[PDB]
Amino acid sequence: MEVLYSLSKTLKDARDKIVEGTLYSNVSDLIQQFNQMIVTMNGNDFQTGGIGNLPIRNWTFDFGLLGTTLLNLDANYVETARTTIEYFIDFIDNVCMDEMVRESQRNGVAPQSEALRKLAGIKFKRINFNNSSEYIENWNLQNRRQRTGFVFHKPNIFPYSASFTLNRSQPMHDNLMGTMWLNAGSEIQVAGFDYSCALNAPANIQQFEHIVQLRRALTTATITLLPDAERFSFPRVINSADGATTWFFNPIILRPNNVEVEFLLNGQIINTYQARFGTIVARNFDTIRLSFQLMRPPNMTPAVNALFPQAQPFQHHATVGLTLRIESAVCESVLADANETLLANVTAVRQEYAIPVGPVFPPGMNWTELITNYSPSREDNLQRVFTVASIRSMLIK
Amino acid sequence: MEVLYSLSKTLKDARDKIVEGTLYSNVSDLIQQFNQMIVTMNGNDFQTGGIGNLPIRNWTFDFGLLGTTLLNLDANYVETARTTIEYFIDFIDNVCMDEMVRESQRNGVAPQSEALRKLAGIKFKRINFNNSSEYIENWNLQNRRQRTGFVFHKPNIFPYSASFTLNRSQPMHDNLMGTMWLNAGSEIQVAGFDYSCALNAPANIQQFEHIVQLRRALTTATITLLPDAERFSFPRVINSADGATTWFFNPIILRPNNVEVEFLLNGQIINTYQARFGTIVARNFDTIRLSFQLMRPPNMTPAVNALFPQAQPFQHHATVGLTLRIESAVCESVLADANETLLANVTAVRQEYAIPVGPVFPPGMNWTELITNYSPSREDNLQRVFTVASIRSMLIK
Amino acid sequence: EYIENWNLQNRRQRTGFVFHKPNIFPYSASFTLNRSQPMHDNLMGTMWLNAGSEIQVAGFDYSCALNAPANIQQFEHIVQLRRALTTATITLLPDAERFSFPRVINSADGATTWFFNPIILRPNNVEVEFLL
Amino acid sequence: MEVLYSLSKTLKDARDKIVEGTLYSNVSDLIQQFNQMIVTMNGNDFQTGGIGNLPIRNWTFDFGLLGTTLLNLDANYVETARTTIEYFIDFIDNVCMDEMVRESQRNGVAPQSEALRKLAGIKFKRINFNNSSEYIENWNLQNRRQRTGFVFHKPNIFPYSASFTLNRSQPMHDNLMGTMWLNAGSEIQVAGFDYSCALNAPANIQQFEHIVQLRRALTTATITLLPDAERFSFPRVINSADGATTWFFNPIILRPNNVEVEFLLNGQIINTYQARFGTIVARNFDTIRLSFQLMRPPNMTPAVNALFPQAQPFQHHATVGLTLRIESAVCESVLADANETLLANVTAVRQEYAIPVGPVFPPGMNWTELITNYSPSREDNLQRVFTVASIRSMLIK
Amino acid sequence: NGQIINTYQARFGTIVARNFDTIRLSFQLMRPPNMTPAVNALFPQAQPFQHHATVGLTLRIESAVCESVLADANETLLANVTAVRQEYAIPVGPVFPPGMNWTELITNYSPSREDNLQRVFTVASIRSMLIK
Amino acid sequence: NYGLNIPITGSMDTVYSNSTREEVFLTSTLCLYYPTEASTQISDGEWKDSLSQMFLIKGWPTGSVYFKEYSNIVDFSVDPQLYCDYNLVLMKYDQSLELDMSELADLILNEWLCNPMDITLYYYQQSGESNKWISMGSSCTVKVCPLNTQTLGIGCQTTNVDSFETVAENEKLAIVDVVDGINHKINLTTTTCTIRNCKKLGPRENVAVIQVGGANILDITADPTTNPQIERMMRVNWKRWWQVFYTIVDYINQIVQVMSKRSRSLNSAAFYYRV
Ligand SMILES: *[C@@H]1O[C@H](CO)[C@@H](O)[C@H](O)[C@H]1NC(C)=O
Ligand SMILES: *[C@@H]1O[C@H](CO)[C@@H](O)[C@H](O)[C@H]1NC(C)=O
Ligand SMILES: [Ca+2]
Ligand SMILES: [Ca+2]
Ligand SMILES: [Ca+2]
Ligand SMILES: [Ca+2]
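Protein chains in written order, with our numbering: chain A, 1 to 397; chain B, 1001 to 1397; chain C, 2001 to 2132; chain D, 3001 to 3397; chain E, 4001 to 4132; chain F, 5001 to 5275.
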């Protein structure tokens, strides 16, 4: 697959550096690279496609090389250059789509899409140009495995899950206690609540805790922590734990006093931030532990005093929230982002040609259950298709 | 330090371009650079570390040159190069790590880390290869004094700050008027509230104003301005200014009418926008004045009329609000973002080895206290360590 | 990439620009009302904000689907991009936030203002159709 | 490490093939390997030990090459060769015992034990002989990224758990219904009980389910499924849910009807077996879901009728059980077995030399707490020490 | 740095300090256990308290060695710099206080201020070599 | 031991469904409690049969509806036994019965836990705001005498009952509150009236108090500040008892929709007597 990436890169550089009027000095090395690609692909008959609606296409290469003695390129030259470059761009496009659609459970890293295997043969190692891109460099450093890392802006590491736990409850749901939460994308939003406003808690303080287990540990994550989670700070009617009935939630928000967040890697406390909002940093972690508290305000102006009674009704319910957003992070294993269209590209090529459901990926490349169950086979096959998509996006975009 | 960046760049190039089967045309000039680097670095003894828990290490270089007679690179070339390259990468990683943990109250930009100080000498000036990344480019410009520019995405120029001001107050907190604001990251959410909904105000128009001062003058910033500041648009129980009691806030969100945002540089009107929400642009600015108005609606359906009486109680509390995101900007001085991982890198390296609190930086290097007091010495040290972290991230992720 | 696309378009070819969080949508905060009367005591319809890369759309019913067929009220919102995007990654969540707190909103004519006091139910059998 | 394995391999081959009266044709290649091993190791100096009570030892090599001027080896040759071999074996034993005791939470795969670290250098690459054993072959197939596999006989995958859930309970503990389970090594024994023998259950059938999630996915596992969970088929007195009291359990065994065992991988079903017993196979799986049913017999002899009333006493308590053995399996990761002695060897070394409890492994190498939390760093360290232990056991028993 | 480096107890006259960032003067006021009638009438056990007991300490820093640059009673460097700025009416700069008043310059003596102060003081020395 | 310590994790998107079943009775039972004025004004006696026949079309099977007839509000206040599942209590408002109606409402609408009080032997206190003393009988005259820390009556002599202070005289039911934390000596006619030290648990929601007459006067919460309007504190407007019963029958689906069959007790008493 290094051969595939180098093919895409040398076609990109051919489309860019080989332009009218440029000095031959500017492109001599790329000219020799292009000639090497031509001569080492000549006479090789490739076949691509044949899964789903993806058509079966045959590629036969017999192209002329590019002159050398010139001092400045001109239009008579770039015309031949484009006549070859268009065909090659088509070839790598089809190969990338083929490898993206293909898939396997056993030995996922190895290349499917027999065109790509033929490229992985020994005849084609003379094409290897330079493995500069982030994804290809990570691929090599993983292949001869050293520690590596992908950097993500706003990584959708959490699976979309909105839910709640009710520590206190009764079949009329008039006096509840518990924790609502929504983990979606790179947002955590957790809101604890007491319908009695911590009337009978010890020292009028109620503890809320929420543990979030990342499927993959993140590294050097820049995080923004704010109070007053906003999605759980307006009236709602919420289906019960099992859908029997629906209970009313009427929040009135206080600040979360003595909030703390602990970032944990295999149990131990890697980081702990107490009552510190704004931007924080987690050097390395696999679990987040948000622990906040709802304290009954000791002094009550008459309005809030009317709000929180000693009696039973509880027409309003005290809430304390937290928002935690992973602005950027570094991860061992590939994930989707808001900054890179790798998942979008692979899913688009699969949906376009209606590929039947394979053994390992979920149907439709649903990211939620592709990150909920993220076994090593899923992980490394996902990395393969993602890096092929990275190769493709260099040209077809 | 320029030499340190040259080391990192040439190792990255060596790892990406010295690969099996690649032509010598692709890598001839890189091999020349690498041979020059080897010749210069041979016969030196660097020492790295000795602060906190970061362990002392000694580096000695005796490496042979790289071959040049090979037409097309083969395996053995790659193994010889790699056994050199891992050693060099470890050396550069440790040098950057030891540089990121040292401060200097006077003359911050000058190197620390006696290894790096030795590298700064005249002997190693023949390593200077290329200064291409944004951070090294701005470092070179600063030494070459002239305008520097760092482009940022969601810059967290605003220190975390949530607070309110009351221009009309009672000990019972039943007829209030004033503003509340959260400045956090790239967000300014401001909300002016009036409990009387502008009964006795002039023409039933209550003017709200909010002044935000940037610690550095952002340039060519795209800003998303929306009405209806969400965080201050639901019921809340807020401690009073002195903490004596707590008052109740029960919003009703009116339109903010005839809003007016001024972007100012040195206290003169650089940009002005009235009633213009969506994407706007601040050319070059240092403060933001957000001025909006709560205008009582003259016509009301009976529901609204019941909400806003002429009487004493004021059960529902009128308010207007603005949200202002700085989507991107260009600053002359280095900042944290939601895109780059430089702050995360530096903070992680400090926390890993438990560096004692240094003279200049705040404890734990928290961005809120670092930006709220962003003196020139702090800016110097921050630029130095951020450039070093960007250098390190070339190789180590 | 900008000069890439410049060349590829100047010599007619397929091309594209990648955007992180593009502001394809013109700013527009509005509503439509399917059930109304000058009193504005009983309303049903949609409110929406298209802003930058956000579509926050909230259907609302004052009767909570009392007389609706099968206690179900259907809401639909169509938004037509000026230029067609491609291979987009999108995030879809419930609970359109900006229309989940009390408001006083001028009418369509602007004559009088009506009060809107939301209680956030859970949108069921949601559907999203991407059309070209 | 490949060098260390090759050293152990060639010492074993020397001890096994250099015996009195052998041809030289038998041992020509081995003598060449041993001679150039002697050449490589001569002139070096290693240090071993220094952690815990493992004594420090300095190894210096200056040995003569084994002769090659014989036709059939005699007693002189063998005696000199043994004088060399005993010293080399002591060196390898100490190197492995030093490598087994050391851990590193950061980069667990890489060599600790400065002796073995020096052996990893480039001078000793010529000692590499062949990598034939299962553990070193998997080490190489993980050194490069390819699908490994370890065959295990009675793998110790299940952490030791012995516990029950009560889906129906009250203080007198007179009418219960729930499940007991023992997971241990390669055994699962799960027994659902109901005190009323499913009087008021829907259709006189009580459903039971037991989910066990392996910490690592098995492959091509041979399994033995039987009814009648043995350990929960006799009277017991069991501590209460909280230990406040104890409750009597008096089983009477019924045959579990429409039993259904499911082997699942990443949520989706891989294998189903309904009312199947004897030996079965799980192709590939991550969790086991054992569901069964206590069906009240419609027809009943008067004796069993007397056993099961409709009133409250319930002197005998109906139960249905399952036993589930893993006879063999194939695993990507590494686990202890009833066949291999690597866990025992590593634990024995640490106990022998009183190694302090390190960062990553639990105290005493407690396998249950090790497999309960099987983080990637812990797995990496475990694989390293296991392959080292196998290398040691090649020579020392 | 909050580390007691020197401690002089009931010793007046000339003293020395190796290196010090803070000075802690602690003293006491002991009511005189015996009292002539004059002082006894001076200090009554009643309330009025018409004369107020005091106890003082004076501390001159006769000479010192500082790593950073400071003004002195022996050096005309600060005077030279300030006079040169005033004679030509230099606009107030971004770093030095208006008029270069030493009190407000040393109340906040940040490193940038120290750097510029050292530069201008050294230039003043160079000038004063010739133009006194 | 219903495992009332572990949290239950729900989900916020799935689904609106049906409640399965519960097999302890064939179906719930509705249960009217009306005063004899209703029967006397109706002047009938097949009318219970007619009301049952009319509930049948509303969708209550025959055996489910039961009727109970108390003499009047004060005579029902003494030991109000709710032998039943969905209790409605029609309380005809009359002037000067405001506090007694409030007493009965606070009694039945809330879940009380009562201990005995041996008045003859010991003094007593009130632990907190939730602790009342409830006295019932043919006639209660609760005379209290608060004692200081030294067991000396303040404003009263413990040896002279005439100086004691009458918090409630000649009541069939008295929910008496006294200052919390002060010992009291009690005196009431032990032959006729009994008294109990009752703490208030949460609310009881089998019972719907339908005030048939005047304005909203029920104040269940002994706190003067709060005066909540419970959903089960119903108030209907009346001229004729036929109209009242017809409204109840017609709207009974909402009456039970605002209640819950769950908070029911084995014994029919209005409190849990914990000895
Ligand atoms: C739930 O109850 C409704 C009541 O009309 C019924 O239509 C529906 O079928 C029930 N649910 C199921 C799954 O049948
Ligand atoms: C209540 O007071 C009367 C006197 O009026 C007395 O005879 C009676 O014994 C008292 N009751 C108790 C229980 O002491
Ligand atoms: Ca009295
Ligand atoms: Ca009474
Ligand atoms: Ca009381
Ligand atoms: Ca009250």
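We put the CB at the ideal spot given by N, CA and C, even for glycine.
Worksheet item: If you check the beta carbons only, do D:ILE3211 and D:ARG3289 fall under 9 Å apart?
Response: yes
Item to complete: Alpha carbon to alpha carbon, how far is B:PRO1251 from C:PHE2101? Give it in angstroms, no decimals.
Response: 8 Å
Worksheet item: Quick one: does B:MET1097 have its CB under 9 Å from some CB of chain C?
Response: no
Fill in: Buried/exposed call for A:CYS331, threshold 16 Cβ in 10 Å
buried
Discussion item. I'd like to check one pair, D:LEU3166 with D:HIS3317: are the Cβ atoms closer than 9 Å?
Written reply: no
Item to complete: Check whether the Cβ of A:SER240 sits closer than 8 Å to any heavy atom of ligand 1, and report yes or no.
Response: no
Worksheet item: F:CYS5193: buried (16+ other C-beta within 10 angstroms of its C-beta) or exposed?
Response: buried
Worksheet item: Under 9 Å between C-beta atoms, does E:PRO4111 make it to chain B?
Response: yes
Worksheet item: Is F:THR5120 near ligand 2, going by C-beta to nearest heavy atom under 8 Å?
Response: yes
Worksheet item: Which residues have a Cβ closer than 6 Å to any heavy atom of ligand 3, listed in chain order?
Response: F:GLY5155, F:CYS5156, F:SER5163, F:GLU5165
Worksheet entry | Short-range partners of chain B found in the stretch 268-279 of chain A, where Cβ spacing is below 8 Å | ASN271, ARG276, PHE277, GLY278, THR279
Practice prompt. Decide yes or no for the touch test of the stretch 3206-3224 of chain D against the stretch 3278-3286 of chain D: beta carbon pairs closer than 8 Å, at least 3 of them.
Written response: yes
Item to complete: State the DSSP-derived secondary structure class of E:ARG4018, mapped to helix, strand or coil.
Response: coil
Worksheet entry | Proximity winner among A:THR272, A:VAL78, A:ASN35, A:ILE396, relative to A:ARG126 (alpha-carbon distances) | A:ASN35
Worksheet item: Between the C-alpha atoms of B:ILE1205 and B:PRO1298, what's the straight-line distance to the nearest angstrom?
Response: 11 Å
Worksheet item: Just by C-beta distance, which residues in the stretch 3152-3182 of chain D are closer than 7 Å to chain F?
Response: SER3169, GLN3170, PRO3171
Worksheet item: Cβ of A:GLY121 less than 9 Å from any chain B Cβ?
Response: no
Worksheet entry | Whole-Å CB distance - F:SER5135 paired with F:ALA5174, under 8 Å assumed | 5 Å
Discussion item. Using a Cβ-based criterion (distance less than 8 Å to any ligand heavy atom), does F:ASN5187 qualify as near ligand 2?
Written reply: yes
Worksheet item: Within 9 Å (strictly less), CB to CB, does D:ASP3093 reach chain A?
Response: no
Worksheet item: Can you check whether the CB of F:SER5019 is closer than 9 Å to the CB of A:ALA244?
Response: yes
Worksheet entry | Interface residues of the stretch 1291-1304 of chain B facing chain C [CB-CB below 7 Å] | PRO1297, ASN1299, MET1300, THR1301, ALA1303, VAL1304
Worksheet item: Straight-line CA distance for C:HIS2020 to A:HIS153?
Response: 10 Å
Worksheet entry | Burial state of F:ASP5100, where buried means 16 or more other Cβ atoms lie within 10 Å | buried
Fill in: Limits of the unbroken beta strand (DSSP E) element including B:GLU1260
1257-1264
Discussion item. Just checking C:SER2028 against ligand 7 - is the residue's beta carbon closer than 8 Å to any of the ligand's heavy atoms?
Written reply: Ligand 7 is not among the ligands present in this structure, which contains only ligand 1, ligand 2, ligand 3, ligand 4, ligand 5 and ligand 6.
Item to complete: Grab the span of the beta strand (DSSP E) containing residue 4999 of chain F for me, first residue to last.
Response: Nothing in the structure corresponds to residue 4999 of chain F, since chain F is present only between 5001 and 5275.
Worksheet item: So what does B:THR1323 bridge to, in DSSP terms?
Response: B:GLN1189, B:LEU1226
Discussion item. Using beta carbons (cut-off 9 Å, strictly below), is residue 2169 of chain C in contact with chain F?
Written reply: With chain C represented from 2001 up to 2132, any question about residue 2169 of chain C goes unanswered, as that position is not in the structure.
Worksheet item: Measuring CB to CB, does A:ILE38 end up less than 9 Å from A:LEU66?
Response: yes
Worksheet item: Where does D:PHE3046 sit, in a helix, a strand or coil, going by DSSP?
Response: strand
Worksheet item: Any idea what DSSP makes of B:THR1246, helix, strand or coil?
Response: strand
Worksheet item: Should B:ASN1258 be listed as close to ligand 6, given that the test is whether its C-beta is under 8 Å from any heavy atom?
Response: no
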